[PDB]
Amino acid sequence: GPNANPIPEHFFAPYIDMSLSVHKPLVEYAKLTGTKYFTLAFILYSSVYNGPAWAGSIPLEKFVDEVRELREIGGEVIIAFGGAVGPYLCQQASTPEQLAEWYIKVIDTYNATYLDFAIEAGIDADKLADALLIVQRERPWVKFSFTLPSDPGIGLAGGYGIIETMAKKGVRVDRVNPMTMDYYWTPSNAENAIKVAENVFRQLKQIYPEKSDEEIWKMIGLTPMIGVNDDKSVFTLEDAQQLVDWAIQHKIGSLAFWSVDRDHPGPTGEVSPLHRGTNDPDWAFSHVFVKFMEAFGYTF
């Protein structure tokens, strides 16, 4: 379309922390990473603007022109809410109507076709669901992704309750994207990400028993944290390749990672938003993950 492009059936849309001073134009990231799809992080509640803003403080409309330039090369975005630090819109809103108004403002500002709710903190899932019922009614072309904490012993944690609530309320669930990272008791590697995927598969089958195996895998995305994780385990380039190959084999819906600006070598084991604390060359993880899309027709 004019001001929105198709996202492939099997896509890779890594997270960009939009608040960083190092922020490049999205078109430049497309050239460097090899993907022209990104998840833009994060919209939070800003007290200053009394509504949505990047990192809860940066004007909502700041990146509109970057998104239109990305669309000129056929790229497209997913807009993410939430993340590791609040306050979330869904926490601050007094009513589902107010919450829906805020989500819709973000949709309309970016002509968004896909929203991602990266819900790490405790929330009122009922209030979220009621807002999303309004959103999907008023903006029926917009897909909803839910990006949630996960663990290889359980799959989704409290996030499972969020999906259960969405399903029962009749809120569309286009993507369930466990964050396969930061378990603390066991390392963030390919083996554990695959265990998470299998657990989430079983979880979604319980919610949606009428869906085929392939329908369930299509709903699933996986998001590791590249290189050093907050718990000091390391998701290596070898882990990345193994996970990509598993993901291709299982024809899952998507991959992403945290994060684009971390795809640079850095001092060993140091946690930073600007590098990944491993020695792999610039953009190495990006190029491996792009292979997931390439298997299914993508070329850039």
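Residue positions are given as counts along the sequence shown, with the first one as 1.
If you average the C-alpha B-factors over 140-148 and over 167-175, the higher value belongs to 167-175.
For the two regions 227-235 and 44-52, the entry's Cα B-factors average higher over 44-52. The PDB entry assigns the greatest CA B-factor among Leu156, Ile207, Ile107, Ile194 to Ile207. Residue set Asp182, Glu76, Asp116, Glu101: peak C-alpha B-factor at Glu101 (per PDB entry). In this PDB entry, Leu222 carries a Cα temperature factor that places it within the lowest third of its chain's modelled residues. Remark: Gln249 belongs to the highest third of its chain, ranked by C-alpha B-factor as recorded. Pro59: CA B factor in the highest third of modelled residues in this chain (values from the PDB entry). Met18: CA B factor lies in the middle third for its chain, per the PDB record.
The entry lists a Cα temperature factor for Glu66 that places it in the middle third of the chain's modelled residues.
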